[PDB]
Amino acid sequence: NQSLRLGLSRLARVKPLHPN
Amino acid sequence: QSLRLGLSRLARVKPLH
Amino acid sequence: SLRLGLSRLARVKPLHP
Amino acid sequence: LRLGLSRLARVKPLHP
Amino acid sequence: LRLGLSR
Amino acid sequence: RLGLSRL
Amino acid sequence: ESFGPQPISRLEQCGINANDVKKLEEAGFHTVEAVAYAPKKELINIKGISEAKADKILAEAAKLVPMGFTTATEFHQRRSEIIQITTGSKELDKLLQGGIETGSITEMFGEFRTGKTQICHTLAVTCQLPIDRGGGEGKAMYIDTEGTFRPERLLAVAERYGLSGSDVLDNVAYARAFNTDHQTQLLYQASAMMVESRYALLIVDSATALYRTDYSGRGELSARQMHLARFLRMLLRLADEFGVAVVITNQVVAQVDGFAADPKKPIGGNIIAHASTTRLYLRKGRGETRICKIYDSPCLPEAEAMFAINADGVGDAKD
Amino acid sequence: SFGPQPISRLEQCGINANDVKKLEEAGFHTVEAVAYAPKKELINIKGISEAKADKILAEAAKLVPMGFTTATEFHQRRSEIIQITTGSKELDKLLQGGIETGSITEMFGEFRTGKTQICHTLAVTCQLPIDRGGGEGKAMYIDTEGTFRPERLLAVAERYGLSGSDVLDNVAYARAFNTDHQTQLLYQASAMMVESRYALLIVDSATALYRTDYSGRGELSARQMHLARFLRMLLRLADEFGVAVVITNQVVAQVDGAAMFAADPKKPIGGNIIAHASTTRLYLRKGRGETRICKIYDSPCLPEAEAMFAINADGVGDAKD
Amino acid sequence: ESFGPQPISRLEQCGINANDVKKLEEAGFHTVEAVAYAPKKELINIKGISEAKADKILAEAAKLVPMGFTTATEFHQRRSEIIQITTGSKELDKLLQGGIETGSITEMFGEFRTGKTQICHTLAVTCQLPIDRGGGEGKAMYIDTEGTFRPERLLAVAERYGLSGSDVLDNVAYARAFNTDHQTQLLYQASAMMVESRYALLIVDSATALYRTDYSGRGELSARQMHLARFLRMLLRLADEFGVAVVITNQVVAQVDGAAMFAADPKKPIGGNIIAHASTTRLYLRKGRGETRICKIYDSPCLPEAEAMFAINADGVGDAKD
Amino acid sequence: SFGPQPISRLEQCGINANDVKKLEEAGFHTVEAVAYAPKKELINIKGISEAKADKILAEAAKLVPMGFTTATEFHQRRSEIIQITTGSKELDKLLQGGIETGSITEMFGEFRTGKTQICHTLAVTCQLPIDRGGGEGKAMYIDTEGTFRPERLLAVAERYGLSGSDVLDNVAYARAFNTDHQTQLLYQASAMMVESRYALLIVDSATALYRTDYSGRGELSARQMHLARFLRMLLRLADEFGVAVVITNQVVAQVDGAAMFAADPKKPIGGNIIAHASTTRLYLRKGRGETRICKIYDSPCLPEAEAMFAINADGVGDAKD
Amino acid sequence: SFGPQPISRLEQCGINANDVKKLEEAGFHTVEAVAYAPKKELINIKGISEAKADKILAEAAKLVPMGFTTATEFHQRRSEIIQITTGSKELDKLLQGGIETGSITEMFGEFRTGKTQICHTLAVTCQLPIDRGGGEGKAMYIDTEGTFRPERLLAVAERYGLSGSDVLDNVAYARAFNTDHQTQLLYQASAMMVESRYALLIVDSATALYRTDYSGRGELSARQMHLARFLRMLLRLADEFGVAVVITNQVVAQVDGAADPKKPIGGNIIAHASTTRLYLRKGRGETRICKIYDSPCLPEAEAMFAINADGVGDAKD
Amino acid sequence: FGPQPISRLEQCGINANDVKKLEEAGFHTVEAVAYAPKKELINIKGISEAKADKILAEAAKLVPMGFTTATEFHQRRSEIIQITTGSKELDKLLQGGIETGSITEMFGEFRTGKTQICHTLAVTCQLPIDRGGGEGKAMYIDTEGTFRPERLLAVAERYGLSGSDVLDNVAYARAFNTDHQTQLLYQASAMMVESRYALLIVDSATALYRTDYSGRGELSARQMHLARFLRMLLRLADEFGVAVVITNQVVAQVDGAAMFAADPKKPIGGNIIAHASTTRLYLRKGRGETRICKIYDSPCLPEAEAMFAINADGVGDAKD
DNA sequence: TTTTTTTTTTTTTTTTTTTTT
Ligand SMILES: [Ca+2]
Ligand SMILES: [Ca+2]
Ligand SMILES: [Ca+2]
Ligand SMILES: [Ca+2]
Ligand SMILES: [Ca+2]
Ligand SMILES: [Ca+2]
Ligand SMILES: [Ca+2]
Ligand SMILES: [K+]
Ligand SMILES: [K+]
Ligand SMILES: [K+]
Ligand SMILES: [K+]
Ligand SMILES: [K+]
Ligand SMILES: [K+]
Ligand SMILES: [K+]
C-alpha cells in the first residue's frame, strides 16, 4: 500500500539515469 | 361584537413592567 | 436542558497530562 | 520542425 | 330585455 | 508624392 | 320606469301562497327575475316543492319576464344607453372606450404592486359620481379576502373629485371572507341585500387567493375548480339581476417551461378564463407609471395605456 | 371581550367536552379559529361527522360576526390600530407610525444589512407602553439560522431604561431545524398565544430553510405549496390574535442581462407566493459606514420613499451626524 | 456528565429494531441528534423504510431531544459558558471578544499571502490546549483542498506553547479533497470519527477553491450554488450536532465594474449570496507593512466593525513586535 | 509500487475493456486520475452512463486510499520529499533545500531578470543523482515565446560534470502557439509522464499568450476562466504524478497607487486566479551587473526573505567577488 | 519542401473550397497561419460555423507538426539557423554571428546614434550570399518618419560590390501615417510574403506614432493593448516565414532622479515582446557603442562600430 | 500635382453637411482625411461610426497607401526641390540647400543669425526654380516679434526683385501662446489649401514653452504639447509638400560632466524634438560678422562644417 | 386539462528636462 505518497520518496530504488 | 383588526389601542391591560 | 456549545464547566479528560 | 531560415536549404540565387 | 344600468 | 516637383 | 328589479312579492298576485314565497326567499331567491333565470333543478332541490307548484311559479315568472326572441335593433338601442363607470384616467377611459361596463364581468391581473387594489378603491369611490360626470349614481360593495382595504384612498379620491368623506364612506359596504364557503355566503347575502337599495359596483379582491391554499395538491384540484365555477356563475347571475358592474382581481404564476417576454400567467385556469368577459393585464413601468393592456374583450381591440398612481389615486401620467 | 374567546366557550353552546378536546388536539384553541376554518378541514379530523361539523360551525358563526359593515365603522376601528416603533425617527416617519399589527410586513436585502438587528430591536421595543410607542406585550422569535443574540436585547433594554431580566423573561425563542419543525413550532405558538398576551411575531428567516430542503426544479412545486401553507397559517395567527408578523428574507442576483440597466440586480426569493402574501415590503441596502437605507417596495397605503437609519451599539437608531 | 451527544445505539432501548438502526448508520445518521434534526423526506428517501417506520423513528427521536419553546434567559445562560478558541494574538482575541466561537461558522477571506492558512494552523494547534489557557480541549480535523498542509508550523506553535510536538501531531487528523463530490462526502466520515472521540475544531481550506473550476460558465451557476448551499447546510448540521467550531477559507475577486469610485479596495468574496447568508462570522484580511496584516470584521450579528493588527511570526500568528 | 497505478489495473477489477479504452482516450491514463475526478467528468464523455460511471468510481476508490491519516504519518511522508537544487548555495538556503515537488512554483519579474536561466538550470539539475541535490528524472519544457536554447543546457551539464548527449536526450520540448494548444500539451504530457519517470515540468510563460489572445474588458471573464482551468489541470498533474511544476509570469506597472508601494510598483499579471492557484512565488529583481535578487513573495512554510544570485557563463550560480 | 505551405493545400484532403478564399480575405494565406490561430479567431469571422472552424483546425493540425520532440533535435535545428552580418566585425563577434532569424531584435538609443543607418546596412546585406553572411532574400522597410534615404542603400551596395538597381528593386518600402495603417501594412505584408522569398522585416520606428496618436493617461491603456497586438502580429511572421524582425525604438529621460538616465519607450509590453535588445550610445566623432541590453543566450558585453560613407562598418583607429 | 480639394470628395457619394463639418473641424484636403485615423473622425461630434468608416474606406482609394519598390521612391525623390540659403558654402554642405517636405531646425546662442537665415530663405523662396527658389509664397509665424520688413527689401534688391510684390507675397502671423500657435497652424492649412505655398517658418518653435510651462510638474504636458505641435507640422509637410523651418534656443550643461571639451550648449526640447527634427544645424559665432554652421543630425548628410557671413544683403559667403 | 423560480463573474496600462559663476 505504502500509504499516501507526495514527492518521490528518497528511499525509492531507482536505476541510475547517469551511470557514470 | 364589532370588527377588530389587531390589538386595540384603547384596550386597558396591565403593563408588563 | 438545551445545549449550545462545548461547556467550560463540563468535565473533560485532558489530552496532554 | 522549423525555427526560421535554414542554412542547409537550396535557394535560387537572389543576386546572381 | 335588461342589459345593465340605464342612462 | 514627397514634395514639390522640380519638373 | 320598469328598469329597477321587480320584487318577488308581486308573485302573490299570481295565486301563489305566502309559504312558498317565504321558502324561496329563505333559499336565496328575492326577485322574480332571479327565479325566472333559474331552472327546475334547484327548484325541486328545495324542500317543500313537489314538481306541482314549481311548474306554475316558473310559468308565472316566464310570463312576467321577457324571454322570447328580439330584433338586433332593440339590443343596439339598449347597448347604446349602457352606463360606464369612469376610472379617473383619461388614457384608461379612452382605452376602455368609456370606462368599466355594467352588467358584465371585468377581471384584472398582474404582478404585485401593479395597482389592482388602488384601481378597485378608485372605482368603488367613483361609482357614486353623477351620471353626467361618468359615474353610476349608486353604492359600492367590497368583498375582501386579503384584508387590504384602506378607507384613506377613498378619502383621498373623494377630496380629488370634490365630495364629502363621511357621505362617501356611508355608501360603501364592506365584508371580509375567510374561506371559500364564506365567500359564497357573502355573495348570497349581497344578493339578498341588493334589492333594498340601488347598487352599481361589486368588487372581489382577490377572487382566487383562498383557493391557492384551501385546495392543495393534484388529488384535490378538480373539486376546487368545480367550486370556483359555481362562484363565478353566481357573479354572472348578479350581473343579470341588477345590472351592476363586477370587478374581480387575480394573481399570477410563473411559467417554468420553454420564450416570450411575459413569463406570467393568471391563476384560475380555463374556467376563470371563459367566465370573465373583459380582462386587463397590469405591468410595472418606470417610477409611478404602470402599463395596462387588454387581454380579452369582445369588442375592444388590443391596445396599451399608461396610467400613474398619485397621492390622489389613479390618474394620468404626470407630464 | 377584546381578546379572542377560548374554545371552551363552545361547551356552553351545546358541544360535548370530548369533541372540544378533539378540536383542540387538531390545533384549534379559539372560537374564531373554528369559525374561520373551512368545512373540509373540519371533516379531515377523526371523530367529527358532517352534522357535527355543521353544528359546530353554526354556533361558531353565531358567536362571531360575519355580516356586512359600513365603511365608517371600518375607518373608526382602523384609526384605533396599534403600531410599534422601529427605533429610528426617520423610519417611523416613512412608515407613518411604524410596524402595524394585523398585517404582514416583510424585510429583505443583502447580507449584513441589518435584518436581525431590526428584529431584535422590534422584539425589545414591543414591550414598551402605548405612550412610548410600544406594543405592551411579549414577543416570539423563530430562528432558522442560529443567529439569536440576547446581548443585543440587553443593550437595547439598557438603552430604553427597562430591566434586563424582565426583558429576557418576556421573549420566547424557538430554533427550527427543518420546515416540518417550523410548522410544528407554529402549532405550538398558536397553542401558546391563547394563555398569555403577545404583541409581535418574528420569523428569521421564513425562507432560509426552503432553499436546501427542496433542491432543483423537481421539488419547486411542493416547496411553493409548503411556503403558501406557512404564510396562510401566519395570516391566520395575525387575524386571530391581532399580532404583527414580521418575516425576513434572502435575495438572489438577477443574472439576466436585462437587469444590467436596472440599478438593483437583486430580487427577493420566494417568488409570487410570498410576493402576494406579504402586505408591506421593505428593501434594505447598505449606505456608508454603519448606516443603511430602507425603501418601500409594495404597500397598499404608503408611497415610494426611502429612509436613513443606522446600527449602533444600542441597536437600531438614527444616523449620528 | 451527560454533555456528549447520545449515540445512535440509544434507539435500541426505545423500541427501534436493530435493522433500522443499521440502515440509519449506513445512511450517515450516527447520532440521535442527526436523525432528530432531519425532515421526514430525508428518512423516506432511505430505501427500505416505510412512512410508518419513519414516523415512529421521528417521534422516538423527538422524545429524547427537546424541540419546543424556551425563554431567552435560558439561551443566554447556555451561551454564557460557551468555549472560545484563542487565535494566539492578543489583538485578534480582543477584536473577537474571546476568539473563534464553537457551534457557529467563521469564514476568512482576502487576497494572497494574507495569512488564512497561518491562522488555520494556529487554531488547529491551539484547539488542543486546556480550557483555562484559551484552548478547547479536543482534537483537530483538517480537510484540505489545496495541498498546503505543513506539520512544521504545527511543531513550531507547539514548541512556542510548551506542548509536546509528537502528541500535537498525534492529535490532529488530516484529509485531502480532490473534487467537490469528495469534499461533500468527507463530512460523513468526519461525523463517523467525531462520534467516538471529542473534537473541538473543523477546518476547510478552502471551501470554494474547487467550485471555481469544477463548475465553469454562467450556464452551470445554478447547480454550483445549489451544491454549495447543500455543503454549507451539512456543515451547519455538523456544527449544531457535535458543537465543534467550523472554520472555512474563502477567496476574492476584483470588481471590474469600476463603480467603487474613491474606494481603492475593489475586492469582494466569491461564493455569492449563498455563502454571504450562510456564514455567521466573516473576516477580511489585508496586508499592511512587512509581516503585519489587518483583520476587519466584515459580517457578525454581535460584533461591531473594527480593525486589528497581527503579525505572522516564526511561531505563527501573534502580536506584532513594535 | 511507488509509482502511479496504470489504468490496466481496472481490468482485473471487473471493468469493461471498451470503457477502459474510452477513459484512456478521454485523458485518464491512471487509476489516480479516475479517483481524483468527479462523476461529472465521467458523465460528460460519450459512451458512459450513470451506473457505469458509479461502478468505475467505486472500483477506483477501492484501490487508492482517500480517507483520514494522522498528522504524524503525513509529517513522516513529507520528511522524505525530493527537493531539486537550483544551482546556487544562497538560493538553496533561502528555499530551505530547493524547488519542492508536488507544488506550483511561479517566478515573476522584469525583463532580463533571469527566469529562463533559472528554468534551464533546473531542467539540467533535475537529472542529477538523488544524493547530490537532483531528482533523478527527465524534464519537460513547454515554451510559448521561442526562447529555448540548448547551449545553456550544455554549459550547465559541462559545469556539473555530466555528459551533454544524454542530458539533451533526457529533456522533452514542446512549443505552444495559443491557449488551446497550451492546454492540450498537458493532455499529451499526461501520457508522456505515465510512460516514463519525469521530475519537473516548466511552463514559460503561462500568461504571455493570454494577453494578446483575449483583449479588452469584454473578454476578461473567459480569459480568467481559461486560466483557472489550465492551473487546475497543472495542479491535477502535479498531484497525480508527483512532479515539480515551475511556471513563469510577467509583470505590469500600476498607473494608480505609486505612493502605496514605493518599490517601483510592478505587480504580476494574471490576477487573483494565479495569485491563489500558485503555491510558492518568487519575485526576481536586477541588482548590479549580472547579479540578481530573489525574494519570497508568497509561501506557506517559508519566511519572507531576500537572497542574491548571479547568471554566469555556466548557468545560475552564487555571485563571486 | 522547406518553406510554408500555401492554404491551397487545404483543398486537397477535403474542404468546402469556398471558405478558403474567405479565409484568404480574412488574412490567413498559409496552413501554418490557420493552424497557429485559435478557434476564437475562426469563430469571429462572420459566416463560419463552429463545426466548420473545428473541421478546418483539425485538418490544418494534421499537416504541421505540433507535438513533443527531444531536445537534441532542437539543438540540431538551432545549429542550422541563419544569421545576417551587421556590417562590422566587432558587432558580429558581439552577436556571435549576427542577427538571428525567427526572433525579434529591438534597437534603442538617443538621436543620431545610428538606428536607421544600421537598418539600411541590414536591408542591403540581407541579399548577400549565405556563405558571405547574407540572408539570400528580399527586404521590407516600414517607415513611420519619412526618413528612408535610398542613397545610403546605393552606397552600401557599391561597397559590397552588388548592383544598385537590383538592390533597389529587391527592397519593398511602405510608409505609415497612423497605427491602423501600420497594422494594415502588416496584413498586406503577410499577404505579399507568400509569393516571394523574404528574409528581413524592418520597422522604423515601431513606437513613433503611438506617442502622439494616443494622448494622456486616459488613453494609455488601450494604446498599450494596440501595441501588444502589433507585436504579436510580428511574432506570427517570425513563426511563419522564418524572417528576422528588426524594430527600432526611441528613448525617454527619467525625471524622478533615480539611477544612464535614458530608458526605452513602450514599457513592459515591448520589453517582454522583444527577444534581443541593443542599446546604442554616441562615441567620439563617427564612432558608436552598442551594448547587449537583454538576450536569452548572449552574455552582456559591449562593442564599437562606426558610420562611414558606406554605411555601418568597423571603426578606423 | 497639387493636393486634391475636399470638394473632389463631394461628388464621391457623401452628404455636403459632412463635408462642411470636416472643413470646420480642420480637414480641408482629401489626404488630410485619409491620413487621420478612426479616432479623430469619431471624436468629431455629428459623425457616426459607420459614417467615418465609409469615409475612410472610400478616401483610401484615391491616395496610394500601399507598398512600392525602392526604385520608384528614388526616382520620385530625385526631383525634390531644394531652396538655396543664399550662401555657396551652405548650399555645398547641405548638398543643394534646405530640403522640401521635411523638418529643418537650426539652433545656437544669440547673434548666430537664425532670424537672418529665416528672412533670407523667406525672400529666396519666391525665386524661379532654375534660380534656386521654390516658386511659391511663404509665411512667417513669429513668436519673438523680431520680424523686420527691411532685411527682406535688401535681399530682394540683391536678387533684382521689386519690393512691393515680394512684400505682398509673404504672409505674416504673430502668436502669443501655444494655443494661438496651434490655431495659427490650422489657419495656415486653411490658406494653403486654396493657394500655393512652399516655405513655413515657425521661429521660434519652443521659445514660448519655457515661460508658459514651468517646473517639473508641467514637464510632461509641455513635452506632449510640443509633440502634438511637431506632429501637426509633419502632417502639414506631408499633405502640402511645403518645407518647414523652425528655430531653437540653447541651454548650458551645469552637470559638470562636459569636461571632455568646452561647449556646454545643448538645444532645448529634449528627445521629442531631437527625434522629430529630420535635419538639425548648429550655429556658432566666428570672427566679426562670420559664423560657422555644423550638421548635427541628418539621415544622409555627413558631419561637416561650413563658414558663412551675415552681410548687409543677408546671408552670404564670407569675404576673404 | 392546473402548477411552480433560479443563480455571479472577471483586471489594466507609462511618462517626461533643467540650468553658469
Ligand atoms: Ca391587493
Ligand atoms: Ca366568447
Ligand atoms: Ca441574519
Ligand atoms: Ca492557503
Ligand atoms: Ca524568458
Ligand atoms: Ca531614424
Ligand atoms: Ca530671433
Ligand atoms: K373570456
Ligand atoms: K402584496
Ligand atoms: K451572515
Ligand atoms: K498562493
Ligand atoms: K525580453
Ligand atoms: K537677441
Ligand atoms: K531625428
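For chain G, we keep the numbers from Swiss-Prot: what you see runs 18-275, 279-339, in order.
Every residue gets a Cβ built from N, Cα and C, even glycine.
Checked against Swiss-Prot, the range among G:69-84, G:245-260, G:312-327 recorded as motif 'Nuclear export signal' is G:245-260.
Candidates G:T123, G:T201, G:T309 were compared with Swiss-Prot; the annotation phosphothreonine appears at G:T309. When you go through G:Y54, G:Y191, G:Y216 in Swiss-Prot, the residue listed as phosphotyrosine is G:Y54.
Residues G:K57, G:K64 are shown; Swiss-Prot lists ubiquitin cross-link for one of them, G:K64.
Taking G:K58, G:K284 one by one, Swiss-Prot attaches ubiquitin cross-link to G:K58.
For G:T134 (ATP binding site), the nearest neighbour among the listed recorded positions (G:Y54, G:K58, G:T309), judged by C-alpha distance, is G:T309. For the recorded positions shown (G:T131, G:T134, G:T309), fewest C-beta neighbours within 10 angstroms: G:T309. Flanking an unmodelled run of 3 residues, G:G275 and G:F279 have Cα atoms spaced 6 Å apart. Most buried of the recorded positions G:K58, G:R130, judged by other Cβ atoms within 10 Å, is G:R130. Residues within less than 8 Å, Cβ to Cβ, of G:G127 (ATP binding site) and separated from it by at least 6 positions along the same chain comprise G:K133, G:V269, G:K284, G:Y301, G:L302, G:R303.
Listed recorded positions G:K58, G:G127, G:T131, G:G132, G:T134, G:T309 compared with chain H at a CB cut-off under 8 A give G:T134 as the close ones. For G:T131 (ATP binding site), the recorded positions whose C-alpha atoms fall inside a 10 Å radius of its own C-alpha are G:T309, out of G:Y54, G:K64, G:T309.
For the pair G:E128 (ATP binding site) and G:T309 (phosphothreonine), the Cα-Cα distance reads 14 Å. DSSP gives G:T131 (ATP binding site) a coil state; it is part of no helix or strand.
The recorded positions recorded for this entry are G:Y54, G:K58, G:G132, G:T309, and the Cα of G:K58 lies nearest to that of G:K64 (ubiquitin cross-link).
If you take the C-beta of G:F129 (ATP binding site) and look for same-chain residues 6 or more apart in sequence within under 8 angstroms, you find none.
When the recorded positions G:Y54, G:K58, G:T309 are ranked by how far their Cα is from the Cα of G:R130 (ATP binding site), G:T309 comes first. When secondary structure is read from DSSP and collapsed to three states, G:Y54 (phosphotyrosine) falls in the coil class. In the three-state DSSP assignment, the secondary structure recorded for G:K64 (ubiquitin cross-link) is coil. Cα spacing between G:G132 (ATP binding site) and G:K58 (ubiquitin cross-link): 42 Å, rounded to the nearest whole number.
Cβ neighbours within 10 Å of G:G132 (ATP binding site), excluding its own Cβ and spanning all shown chains: 23. Secondary structure from DSSP puts G:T309 (phosphothreonine) in a beta strand.
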